[PDB]
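Scroll down for the structure; my scribbles are underneath it.
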Amino acid sequence: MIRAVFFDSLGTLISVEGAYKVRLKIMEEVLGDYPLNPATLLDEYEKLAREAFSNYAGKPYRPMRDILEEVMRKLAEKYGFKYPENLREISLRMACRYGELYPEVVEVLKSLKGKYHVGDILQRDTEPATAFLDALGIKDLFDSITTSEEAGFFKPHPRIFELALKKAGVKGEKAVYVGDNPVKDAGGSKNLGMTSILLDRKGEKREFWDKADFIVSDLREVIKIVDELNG
Ligand SMILES: O=[N+]([O-])c1ccc(I)c([N+](=O)[O-])c1
Ligand SMILES: [Cl-]
């Protein structure tokens, strides 16, 4: 049976408008009056961030805030603005202020929490991640919160999933994982026996649906999938 349901909250349950707005507001704060379009800075930042994380996939953990501060230092040198002090404080303030959940998230977590172990699996530094979950109001809706900082390795390394399952006290066969990127999922959770649910809200990832056991566009479909797996 399924006894645990795991999500990637800060990575996949934040609205698309909300995540972009947090990031844009960080760039605007960093730039101040400097004559660079913040949207252009954001685009360049995401490019360099994706590159930097790909270099760390599967590797031993290094604070993500340190990685992103390195990226911002390269951007400051590139465009000529002064490197912002306290970037991680700016970012946490903007996340707490403008972060936004998909509308069905609170309902879904509450509906599951009574009957399953509801867990979060996050590739974030634990302290800002947990503060962000607190600001969003869902921290205490989770039975467990597990991070790459706790596990010691970046995905697709399986240690983070091994730890999340240990916290729930079950083997992977008893657990579902809801994500939006199936490759860092498959490279880890598949070998542990977990059932994978891909969240594809706009149907934009059809070429990866074969890498997932179930595909949904609304998180309220998750309870129906698990309730039925449990007959
Ligand atoms: O998303 N961002 O734009 C962003 C940039 C830099 C940092 I150090 C963070 N942070 O604190 O995680 C976030
Ligand atoms: Cl982080």
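A note on labels: chains of the structure tokens are A, B, ... as shown, every chain counts residues from 1, and ligands are counted from 1 in their shown order.
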Check which residues of chain A sit at most 7 Å from ligand 1 using only C-alpha atoms and all ligand atoms, and return one row each with the closest pair of atoms and their distance in Å to one decimal, ordered by chain and rising number, as a Markdown table.
| residue | atom | partner | partner_atom_place_in_ligand_line | distance |
| --- | --- | --- | --- | --- |
| A:23 | CA | ligand 1 | 3 (O) | 4.3 |
| A:26 | CA | ligand 1 | 3 (O) | 5.7 |
| A:27 | CA | ligand 1 | 3 (O) | 6.8 |
| A:64 | CA | ligand 1 | 12 (O) | 6.8 |
| A:65 | CA | ligand 1 | 8 (I) | 4.2 |
| A:66 | CA | ligand 1 | 8 (I) | 6.6 |
| A:68 | CA | ligand 1 | 6 (C) | 5.0 |
| A:69 | CA | ligand 1 | 8 (I) | 5.0 |
| A:72 | CA | ligand 1 | 6 (C) | 6.9 |
| A:87 | CA | ligand 1 | 8 (I) | 5.2 |
| A:88 | CA | ligand 1 | 11 (O) | 3.8 |
| A:89 | CA | ligand 1 | 11 (O) | 6.6 |
| A:91 | CA | ligand 1 | 11 (O) | 4.5 |
| A:92 | CA | ligand 1 | 11 (O) | 5.7 |
Generate a file of the selected residues that holds N, CA and C atoms, formatted as a CSV table (one decimal), in the first residue's frame.
chain,number,residue,atom,x,y,z
A,23,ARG,N,11.9,36.3,-8.0
A,23,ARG,CA,13.2,36.5,-8.7
A,23,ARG,C,13.3,37.9,-9.2
A,26,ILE,N,14.0,40.4,-6.5
A,26,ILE,CA,15.4,40.3,-6.1
A,26,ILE,C,16.3,41.1,-7.0
A,27,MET,N,16.1,40.9,-8.3
A,27,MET,CA,17.0,41.6,-9.3
A,27,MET,C,16.7,43.1,-9.2
A,64,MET,N,23.8,26.1,-1.3
A,64,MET,CA,23.2,26.7,-2.5
A,64,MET,C,23.4,28.2,-2.5
A,65,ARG,N,23.2,28.8,-1.3
A,65,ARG,CA,23.4,30.3,-1.3
A,65,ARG,C,24.8,30.7,-1.6
A,66,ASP,N,25.8,29.9,-1.3
A,66,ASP,CA,27.2,30.2,-1.7
A,66,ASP,C,27.3,30.1,-3.3
A,68,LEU,N,24.9,30.5,-5.5
A,68,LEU,CA,24.2,31.6,-6.2
A,68,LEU,C,24.9,32.9,-5.9
A,69,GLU,N,25.5,33.1,-4.8
A,69,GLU,CA,26.3,34.3,-4.6
A,69,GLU,C,27.5,34.4,-5.5
A,72,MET,N,26.1,35.6,-8.8
A,72,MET,CA,25.8,37.0,-8.7
A,72,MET,C,27.1,37.8,-8.8
A,87,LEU,N,23.0,39.4,0.0
A,87,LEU,CA,22.1,38.9,-1.0
A,87,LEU,C,21.1,37.9,-0.5
A,88,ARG,N,21.6,37.0,0.4
A,88,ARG,CA,20.7,35.9,0.9
A,88,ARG,C,19.6,36.5,1.8
A,89,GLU,N,19.9,37.6,2.4
A,89,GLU,CA,18.8,38.2,3.2
A,89,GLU,C,17.8,38.9,2.3
A,91,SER,N,17.1,37.9,-0.7
A,91,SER,CA,16.3,36.8,-1.3
A,91,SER,C,15.3,36.2,-0.4
A,92,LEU,N,15.6,36.0,0.9
A,92,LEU,CA,14.6,35.5,1.8
A,92,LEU,C,13.5,36.4,2.0
Given 8 Å and only C-alpha atoms and all ligand atoms, residues near ligand 2 as number ranges by chain = A: 63-65, 123-126, 128-129
Spatial neighbours of residue A:226, 8 Å, only C-alpha atoms, chain gap at least 3 places, as a list in words = residues 2, 176, 222, 223, 229 and 230 of chain A
Same residues, N, CA and C atoms, saved as a compact mmCIF listing (two decimals), in the first residue's frame:
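For reference, again.txt as written:
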# COMPACT_ATOMS: atom_id res chain seq x y z
N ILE A 2 0.26 2.38 -0.30
CA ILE A 2 0.94 3.67 -0.22
C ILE A 2 0.70 4.22 1.17
N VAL A 176 4.84 7.53 -2.73
CA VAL A 176 4.70 8.24 -3.99
C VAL A 176 5.51 9.53 -3.91
N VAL A 222 -3.84 13.88 -6.98
CA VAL A 222 -2.90 13.02 -6.28
C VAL A 222 -3.63 12.10 -5.31
N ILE A 223 -4.57 12.64 -4.53
CA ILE A 223 -5.26 11.82 -3.55
C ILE A 223 -6.03 10.70 -4.24
N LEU A 229 -4.70 3.27 -5.55
CA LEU A 229 -3.62 2.31 -5.35
C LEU A 229 -3.83 1.50 -4.08
N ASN A 230 -4.51 2.08 -3.09
CA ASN A 230 -4.83 1.41 -1.85
C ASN A 230 -6.19 0.73 -1.88
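Between residue A:180 and the candidates A:215, A:101, A:52, A:199, the tightest atom-to-atom separation, counting only C-alpha atoms, involves A:199.
By only C-alpha atoms, and with residues fewer than 4 positions from residue A:191 along its chain excluded, the set lying at most 12 Å from it is residues 156, 157, 158, 159, 161, 162, 171, 172, 173, 184, 185, 186, 187, 195 and 196 of chain A.
Proximity of A:209, A:56, A:20, A:177 to residue A:192, computed with only C-alpha atoms, is greatest for A:177.
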task = Give me every alpha helix (DSSP H) residue in stretch 64-205 of chain A, going by DSSP on the backbone, as number ranges by chain.
result = A: 64-79, 87-98, 105-113, 126-136, 148-151, 159-168, 182-189
request  = Would you list the contacts of residue A:113 as a PyMOL selection string, taking every protein, DNA or RNA residue within 9 Å and counting only C-alpha atoms, but skipping same-chain residues closer than 6 positions in sequence?
outcome  = chain A and resi 141-143
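With only C-alpha atoms as the atoms that count, the residue of A:132, A:79, A:116, A:102 with the shortest distance to residue A:144 is A:116.
Distance-wise, atom CA of residue A:193 and atom CA of residue A:207 end up 22.3 Å apart.
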message = Applying 12 Å and only C-alpha atoms, which residues near residue A:45 remain after dropping the ones on its own chain fewer than 2 positions away? List them as a ChimeraX atom specification.
response = /A:23-24,26-27,38-43,47-52,67-76,78-79
List the neighbours of stretch 30-35 of chain A out to 9 Å using only C-alpha atoms; skip same-chain residues closer than 4 positions along the sequence, and give me the result as a PDB file with C-alpha atoms, in the first residue's frame.
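The file below, out_7.pdb, is the result:
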ATOM      1  CA  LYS A  25      11.972  41.610  -7.235  1.00  0.00           C
ATOM      2  CA  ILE A  26      15.364  40.333  -6.080  1.00  0.00           C
ATOM      3  CA  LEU A  41      19.599  40.413 -15.403  1.00  0.00           C
ATOM      4  CA  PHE A  81      27.134  47.098 -10.866  1.00  0.00           C
ATOM      5  CA  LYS A  82      28.419  46.734  -7.311  1.00  0.00           C
ATOM      6  CA  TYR A  83      28.118  43.296  -5.795  1.00  0.00           C
ATOM      7  CA  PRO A  84      25.144  43.432  -3.394  1.00  0.00           C
ATOM      8  CA  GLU A  85      25.875  42.768   0.254  1.00  0.00           C
ATOM      9  CA  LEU A  87      22.094  38.917  -1.036  1.00  0.00           C
ATOM     10  CA  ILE A  90      17.346  40.138   0.222  1.00  0.00           C
TER      11      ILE A  90
END
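Comparing A:105, A:227, A:95, A:189 by their smallest distance to residue A:155, the closest is A:189 (using only C-alpha atoms).
Using only C-alpha atoms, the smallest distance between any of A:163, A:137, A:224, A:168 and residue A:111 comes from A:224.
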key: Among the residues A:220, A:77, A:61, A:11, the one that comes closest to residue A:150 [using only C-alpha atoms]   = A:61
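The space between atom CA of residue A:16 and atom CA of residue A:100 spans 8.8 Å.
For the pair atom CA of residue A:174 and atom CA of residue A:112, the separation is 14.7 Å.
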task = DSSP on the backbone, then: every residue of chain A marked strand (DSSP E or B), written as a VMD selection string.
result = chain A and resid 4 to 7 14 60 101 117 to 122 144 to 147 153 175 to 179 195 to 199 214 to 216
